[PDB]
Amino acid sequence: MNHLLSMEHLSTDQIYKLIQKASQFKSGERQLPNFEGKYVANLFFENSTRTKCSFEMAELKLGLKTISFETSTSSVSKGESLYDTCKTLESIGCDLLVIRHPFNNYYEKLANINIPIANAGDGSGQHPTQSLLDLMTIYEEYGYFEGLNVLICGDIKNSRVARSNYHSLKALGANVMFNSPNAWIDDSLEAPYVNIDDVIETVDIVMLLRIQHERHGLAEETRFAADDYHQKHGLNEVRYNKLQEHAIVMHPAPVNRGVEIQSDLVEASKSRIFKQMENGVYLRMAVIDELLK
């Protein structure tokens, strides 16, 4: 594990080792590693609160120091390529890069980078640390994946979260289903597309997605009606009350309250939305350990 770029690059063995290490860091069963003397740069070319702040928390707790990089004050405005930016940070003594970039598969331009890269998101491609922390949360809830009924609702084709989660849940033997507006069906993902109300009473995990407005074109954005989306594709009171006693609600965040989820359900008893954000720190510690060990 030289890099962490895509869930398609991980075996189920590597997924279990990362999840179990993260759980043992969190429980105190395993003491945190010490990487005092090592440096990390966080390169966020798209916006982030959780992924950037939780990577920073993980890095500082493992004794790394950060090199500040804000895109808009960098020599990117002078015409510097992503490769030159990464190779520059290597040359000045960085031991690790964490990169979120708007280009799908940006990491294919970074073959000649000799320090580990953690992909914090490539456009609508992969979000492996979101997927791993989602899997960690499910594993802590139930202790197993095989036969789990998972419904992923919302903007599927524009979601790096849906893509990473589909591949890894399927490989772990979960039953993945999608609910989507017709416009946002992803043909590349072979799982059934269903009505929420046909399956809500027999699902174990409902994963809600934010609508990726900033990834959409003009026609989609001009015809968007929030109230109509909520009625057809959102978790409301009636749908929440049909969840089995054991079932949980997940969302990679941020939430648009009243759109994909009724506001007062965000911190309802079956929600693990804020739990996911806590777990992300421990999972990112496990990723850092695997890359720098």
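Numbering starts at 1 and follows the sequence shown.
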Assert higher mean C-alpha B factor (23 to 31 or 38 to 46, deposited values) equals 23 to 31
Taking the deposited Cα B-factors and averaging over 229 to 237 and over 53 to 61, the higher mean is found in 229 to 237
Among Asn119, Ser81, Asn175, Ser75, highest Cα B-factor in the entry goes to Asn175
The residue of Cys86, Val203, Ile211, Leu96 with the maximal C-alpha B-factor according to the PDB record is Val203
Quick tally, chain-level thirds of C-alpha B-factors: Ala253 sits in the lowest
Of the three thirds of Cα B-factor ranks in this chain, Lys270 occupies the highest
Of the three thirds of the chain ranked by Cα temperature factor, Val287 occupies the lowest
Assert third(CA B-factor, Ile15) within chain per record equals middle
Of the three thirds of Cα B-factor ranks in this chain, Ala162 occupies the middle
